[PDB]
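See below for the structure under consideration.
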Amino acid sequence: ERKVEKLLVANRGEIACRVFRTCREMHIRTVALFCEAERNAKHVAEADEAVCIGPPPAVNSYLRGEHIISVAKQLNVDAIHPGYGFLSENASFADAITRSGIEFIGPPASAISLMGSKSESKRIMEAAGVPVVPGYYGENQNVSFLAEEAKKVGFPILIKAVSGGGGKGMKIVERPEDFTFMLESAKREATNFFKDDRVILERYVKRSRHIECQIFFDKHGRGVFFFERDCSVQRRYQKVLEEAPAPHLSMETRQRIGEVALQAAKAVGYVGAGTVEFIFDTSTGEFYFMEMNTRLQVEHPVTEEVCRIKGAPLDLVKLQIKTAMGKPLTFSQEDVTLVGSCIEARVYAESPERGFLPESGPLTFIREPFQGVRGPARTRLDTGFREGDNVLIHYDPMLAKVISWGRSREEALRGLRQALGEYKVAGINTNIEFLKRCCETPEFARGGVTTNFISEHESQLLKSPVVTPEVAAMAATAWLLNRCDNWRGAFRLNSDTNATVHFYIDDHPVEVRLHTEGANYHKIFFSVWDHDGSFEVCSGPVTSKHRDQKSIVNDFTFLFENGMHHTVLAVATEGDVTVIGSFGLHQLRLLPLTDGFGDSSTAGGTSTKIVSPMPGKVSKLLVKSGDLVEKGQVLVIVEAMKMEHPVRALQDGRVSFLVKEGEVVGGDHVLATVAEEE
Amino acid sequence: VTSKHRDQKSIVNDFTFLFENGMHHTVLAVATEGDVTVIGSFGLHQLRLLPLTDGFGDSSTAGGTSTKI
Amino acid sequence: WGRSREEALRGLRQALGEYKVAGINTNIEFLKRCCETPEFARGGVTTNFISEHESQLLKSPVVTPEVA
């Protein structure tokens, strides 16, 4: 075999840190890669050496496979792990690595190329004999052929069409012995949706739940399938929350899922770690092949919590290095046993209220949930970002992954709830509120959720706590104090103090007024939305005198008269005030009040504009008539004894020319009328 | 910036170097007048600074033939 | 300490490398040189084992122009 002492990573993020960590235990060197800048990132602070690769766009960075290979050769690298994304699925890169002599980590290039095309892949599995639900059989040569194979090839009837998602030819015709309505439905589908007259028939499944078993193989002909998984929950083809132990799955089935999976991988030949994905209908009770991926998934640490080998913790990445080592395995499929249950959820730096659009901004304060064992449950968090970091728009929005291992499902789900609640980030809106809403009200604790489970409950979700009038009181107070000495040393005569804050909550401005009575800075009141009360407030140490973009992060205490007390860590800026406490997190936008403060001119500008002196001789006018002029460009240039003396009018609005180039004009002539755009 | 007093221990600071080829490095350097010590993935190396001291002032090669004391 | 000799020897290598002292020259570079090239991982070394391999040892990495 070939010794390995240097490890190379392609991608960046959580996978970089994960690959780097175990490496320490195996006592192997590490190498990091980073784009323009991106040098303060954590992963590079974790490796032994890092190299800059070039411009931010993914074409420029992490796609120059030849340059990466040349750099690795110069470094005499032993192994490369592509990870997921970028060159994860590219057979040319793997072949070039093999020619260079470096041990590529993953499947051979032949398997990747074969699975690149869906038609040839499904051909291979059909030849292998695995139950596969195909996409098409022939064409609509005859309408009687539809009745011929309707009860033949596939009893379930999937009429549909050659293409297009309209699918009005379907009509949900699950009843066999249908011969006068299927042809009428197809012919009415052909109208206004002719496309190609060829029609394909398949089996139609009422329900769908996604399954995906894991597999592992050495290069000495020996492997063992890991435990199954579930990915029923996904929105817009994006993974949201998943469970390694498919609840409600019989043991016997588990076993069989393996025999089918091993047949397919052996047929194409496979080395390393991979995952086979199925599609399943509860009503039919059978699973049909949909797709496979020849690449390590992102969901690898999840399935790990439900599998132990020889009573020892399993490390998936470890074996992949050992597989690259050339050593053979040590365990049969038997040594592996499941223990308990676990659940996972992904947090995305997106805004749930909006069109789930990514946002980029500095990370102000990041609470870290307790990543230790307690009670009947294990909870962990893996994050590829830390304090002081900033999200890049080029990358996908992905902060951290939270997993709750437990002895029973209940324990696991309950654990997450509390953890999901505890983790807190300030600075960018996240979908963390959405995930908690997905966990509390939906009765998916039973364990039965379909592929389209998210679609129906969209009305129930997308809901957040209501900002109580009290929340404005602590939020408003923090912005003042966390900016200046408002209410500090203040003093007037025979009167009392007053200071107000305007919040632009939703599309309606909000005003909050704060004032004091007595000689007390401590005793304070409030009146928001016609609700009045009293409270006292005690601050903490003063921090962040520089009041930069991060501004001031301080803890606050508020004793309201009723009797309560509160603690609030407020990082306030001019743009917004963020308050985090037992209520949760809420950011209140401050009413924006900016509008070219100075240049606010509504003057008509009717006549006598950019008038030229006596000599005249206007020429070389470079402004189009009827075009807005707010900045002071040279509207007209007139020459008086070689005196260009450009007028440079700054009156806003479009300018209308009444003169032409080369025309001698009199003194103080109306060359143009600079009027407000009407 | 650390160790303004620049005593015998002098200044211990971390450094980053981005060379054009593409690499990057981190180096904790405790430097003194006698030597510069750099520790990093290369290992440890101390480089002695060329000594340049020789009774700066009293450097007289005069013959001193006669008329002394 | 290790479950097998290999693990133990390999462990030290990395540790010996990691420990760092600044201020006085040490023989830590020598010990690592005593561990890498000499094929004493087999386990058979005599009392005079150090004497014969003195040419091989006493060797340190070359200061590259970048280090300056």
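Under 18 Å of direct C-alpha separation, and excluding same-chain neighbours fewer than eight residues apart, A:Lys617 reaches these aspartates and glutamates: A:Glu639, A:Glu644, A:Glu661, A:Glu663, A:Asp668.
Of the GluC sites (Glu not before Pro) found in region A:576-655, the ones in coil according to DSSP and having at most 14 other Cβ atoms within 10 Å of their Cβ are A:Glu630, A:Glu644.
Within region A:552-633, which trypsin sites (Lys or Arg not before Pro) sit in a loop by DSSP and count at most 14 neighbouring Cβ atoms inside 10 Å? The qualifying sites are A:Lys617, A:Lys620, A:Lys624, A:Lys631. On C-alpha positions alone, give me the angle between the axis of helix A:469-481 and the longest principal axis of chain A, in degrees, nearest 10. Helix A:469-481 sits roughly 60 degrees off the main axis of chain A. Over what distance in Å are the Cα centres of region A:22-55 and region A:297-345 separated? With region A:22-55 and region A:297-345 each reduced to a Cα centre, they are spaced 26 Å. Counting only DSSP H runs of at least 4 residues, each contributing -39500 (n - 2.57), and dividing by the residue count of the protein assembly as shown, the helix-based mean residue ellipticity at 222 nm comes to -6000 deg cm²/dmol.
The string of couplings for region A:384-394 from the Karplus curve (6.51, -1.76, 1.60, θ = phi - 60°) is x, 9, 9, 5, x, 8, 10, 6, 9, 6, 4 Hz, one whole number per residue in order, with x for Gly and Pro. Enter the angle in degrees (range 0 to 90, nearest 10) between the Cα long axis of helix A:118-128 and the first principal axis of the Cα atoms of chain A, meaning the one along which they spread out most. So the inclination is approximately 20 degrees.
For the pair region A:609-627 / region A:482-519, the C-alpha centres are spaced 53 Å from each other.
Past 27 Å, Cα to Cα, is the threshold; run A:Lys160/A:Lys436; A:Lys318/A:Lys401; A:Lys424/C:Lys20; A:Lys424/A:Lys545 against it and keep the listed order. Too far apart for the 27 Å limit: A:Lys160/A:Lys436; A:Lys424/C:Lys20. With angles folded into 0 to 90 degrees, how steeply does helix A:409-422 sit against the dominant principal axis of chain A? Use alpha carbons for both and round to 10. Taking the Cα atoms of chain A, the angle to A:409-422 is about 20 degrees.
Along region A:528-534 the Karplus relation, 6.51 cos²θ - 1.76 cosθ + 1.60 evaluated at θ = phi - 60°, assigns HN-Hα couplings of 10, 6, 6, 10, 10, x, 9 Hz to successive residues, with x for each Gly and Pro. Qualifying trypsin sites (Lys or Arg not before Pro) in region A:156-259, where qualification requires a DSSP coil assignment and no more than 13 other C-beta atoms within 10 Å, comprise A:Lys195, A:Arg198, A:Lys206, A:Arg207, A:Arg222, A:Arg236. Note that region A:44-53 has calculated 3J(HN,Hα) couplings of 5, 6, 10, 7, 9, 8, 10, 10, 7, 10 Hz, one per residue in order, obtained from phi through the Karplus relation 6.51 cos²θ - 1.76 cosθ + 1.60 (θ = phi - 60°); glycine and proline are x.
Where a number appears in this text, it was derived from the coordinates with a stated rule and is not lab data. Positions of Cβ are backbone-derived with ideal geometry, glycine not excepted, and every protein chain shown enters the neighbour counts.
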